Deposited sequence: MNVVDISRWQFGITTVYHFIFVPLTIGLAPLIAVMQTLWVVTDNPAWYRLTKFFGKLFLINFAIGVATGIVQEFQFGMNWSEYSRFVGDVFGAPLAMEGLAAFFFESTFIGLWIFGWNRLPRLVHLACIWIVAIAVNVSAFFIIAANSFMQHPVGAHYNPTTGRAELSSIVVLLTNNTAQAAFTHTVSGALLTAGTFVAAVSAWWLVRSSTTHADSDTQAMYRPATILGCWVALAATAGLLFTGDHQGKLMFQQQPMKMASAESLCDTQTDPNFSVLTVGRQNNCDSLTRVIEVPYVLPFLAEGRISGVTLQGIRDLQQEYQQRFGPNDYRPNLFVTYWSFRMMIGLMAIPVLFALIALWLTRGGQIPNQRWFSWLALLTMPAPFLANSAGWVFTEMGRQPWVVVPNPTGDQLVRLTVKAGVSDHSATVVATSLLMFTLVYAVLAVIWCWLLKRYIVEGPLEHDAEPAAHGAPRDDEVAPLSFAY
């Protein structure tokens, strides 16, 4: 492949590895704070063991979560030097502000929480995990707002004197509609990942114990299932806020989730589509469910018109010049079925687990124990698919032009790449992939060893 394609894969594979542990870290930190808070108030030793058990698993995930984010901090200047200069006046502020407002807090107080069990007071030690639980959300907000500037640039001017986008208002950049919608959606997505993780592990031990520990994992199962259900409700509301934003900001991405080819009124959402989806003209649709795209685009079931990919292709050529504005249809289409479809397993598991644990009942079915294990990777993969559709859906724009903002504030992926050779980026891409793959296997093995071991 060429330099641009290799650089795209590298920024992709490494940061996808990063978002394997990030959603667990964001959601689990408040959960452990809840368990620790209940132990202080209720003086229940069952919650203390839950804090030590799930806290142990959090530290394993937290350590590899930090490691996978180190490269991303300097990755912008290594492989996207041209992109870094263009938006450095705007894009660098959220990255730097998160360093002193969220990264310094969640990394300093995490050490106090680990080594301060017998040194710090109970009230002070409890606040240490709450600060970490808050700082991870603060870090998510700033890192999403910077990415939301790519999706919907606001508060910036082109300043044709120099070839870079310049910040005009920091309030507008932080209060972007895309930033707030994506932040609340990712946090809701992170809560589902940890809520399912806590529920699945606790439910797995309930069957194992039946075939007190039962007293301990039962409250965690109830807490985990309700958080997952609450996160599912949040994902629907925030997911409804995001689709609407997608419609008026990135019409290409809205039709990318449909593989729409012509401008039709009230299109039908197709569950499955055969073929490699190159040209799109010959696409075959299976199980077309209506009243879905109209409701996600403008919030109404009928009367919504969506521009096709083909129609938008020539429209973009008349304003931005001759270019291939067609994203990867096969990847974006199936990564979107994946984000959505992967709600049934977590939601399905939560509903069942609550039904089997009603009135103090302890489940003992063997299939229920196996259901929890398969439910664990569902939110992890759904979170990965959600951000993939966001990044592949905006191709080939690294900075999507704002329809209601400055037209000149935009950049393509090819024009934002650095001037490296095909062998230098490939060597870094190869060494990044194997190192993260080995750590991912160790991370998965470490969690399995401690889950079966228990307290």
Per the record, the structure omits deposited positions 212-216, 461-485
